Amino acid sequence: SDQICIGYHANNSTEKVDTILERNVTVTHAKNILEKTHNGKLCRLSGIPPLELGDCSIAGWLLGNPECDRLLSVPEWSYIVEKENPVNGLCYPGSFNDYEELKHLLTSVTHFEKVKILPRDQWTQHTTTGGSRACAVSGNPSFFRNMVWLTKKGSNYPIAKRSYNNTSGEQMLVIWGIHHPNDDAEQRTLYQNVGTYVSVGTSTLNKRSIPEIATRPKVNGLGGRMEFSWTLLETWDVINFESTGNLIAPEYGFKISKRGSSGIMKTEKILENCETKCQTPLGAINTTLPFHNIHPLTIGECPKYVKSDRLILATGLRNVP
């Protein structure tokens, strides 16, 4: 009539786990390893806030589209936030050669310094005031702020020839364009000559573009096009421009001023005052768990995205009252 008994713990845990052999098994304790929640807010990463473009696009920003004048100067950035289909890109319709390669270049850079490399005041044999209604700054024709539209000075377009030794001590993005007019009349009105070229030389770059004068649908009420291109001028390297017409020349370059780890994420959320080591388009993730299922397109130090609704490790006993 004296007794000892050996048993195990049970509690009012309701929590279920699955095993290979069994399903919906109630256990005393369990550790969820699948991160499911985010804060809902678009946040700063490693203290830095991301470069938040609003309606502008990288091309709008770097060309200096007037509608992007708020981005004429912007500090260091964690990552880049862009809309899925930004409104203000190429105000003057055209294209951007190797655009996505350029965009990818900004998923490692985290700060530019915009250096004035070819001041427009020094094109003294050409008219630099060219612009249009597609790039209108409140009713008045303008143009991309960082570019210069060379055109004939009173019935002449002499050879346009300027260079720039990159003495900035860091690597520098330079962009330029060629204007593709709508017809021969326009090509003469603006550049006098026909059959023109724009060559650009660096130690490694060697381009030569001829304007393709063709009739085409009006985009932004314009038939002309401007095809932009870009290059990384290495430190102490020189870039030469030579043109007999159709050059859209840069006034500025962009010294890649800070390096590191960014990315571009497409979202319409606005930045807020918070912090993370892992950001997603839906919000940020504070977690120590190895998996999340919030959103595949993360930026930062993140758990492994999985397509799962629940991962729960039993840590406790089989809860059996």
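One rule holds for the numbers: they count along the sequence shown, beginning at 1.
Chemist: Going by the average Cα B-factor in the PDB entry, point out whether 49 to 57 or 248 to 256 comes out higher.
Modeler: Mean CA B-factor is higher for 49 to 57.
Chemist: So 5 to 13 or 294 to 302, which one's hotter by mean CA B-factor in the entry?
Modeler: It is 294 to 302 that shows the higher mean C-alpha B-factor.
Chemist: Out of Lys116, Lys218, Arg225, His104, which one has a C-alpha B factor higher than all the others in the entry?
Modeler: Reading the PDB entry, the winner on C-alpha B-factor is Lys218.
Chemist: Choose from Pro75, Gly177, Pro211, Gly130 the residue with the greatest Cα B-factor as stated in the PDB record.
Modeler: Answer for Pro75, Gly177, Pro211, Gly130: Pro75, with the highest C-alpha B-factor.
Chemist: Taking the values exactly as deposited, rank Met265 by C-alpha B-factor within its chain and report the matching third: lowest, middle or highest.
Modeler: According to the entry, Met265 has a C-alpha B-factor in the chain's middle third.
Chemist: Going by the CA temperature factor in the PDB record, which third of the chain does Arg162 belong to: lowest, middle or highest?
Modeler: Its C-alpha B-factor belongs to the lowest third of this chain's values.
Chemist: State the tercile, meaning the lowest, middle or highest third, of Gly40 with respect to the CA B-factors recorded for its chain.
Modeler: Tercile = highest for this residue's CA B-factor.
Chemist: What third of its chain's C-alpha B-factors does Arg188 belong to: lowest, middle or highest?
Modeler: Middle third - that is where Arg188 ends up once the chain's C-alpha B-factors are sorted.
Chemist: Quick check for you: using the entry's CA B-factors within this chain, is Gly94 in the lowest, middle or highest third?
Modeler: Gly94: CA B-factor falls in the lowest third of its chain.
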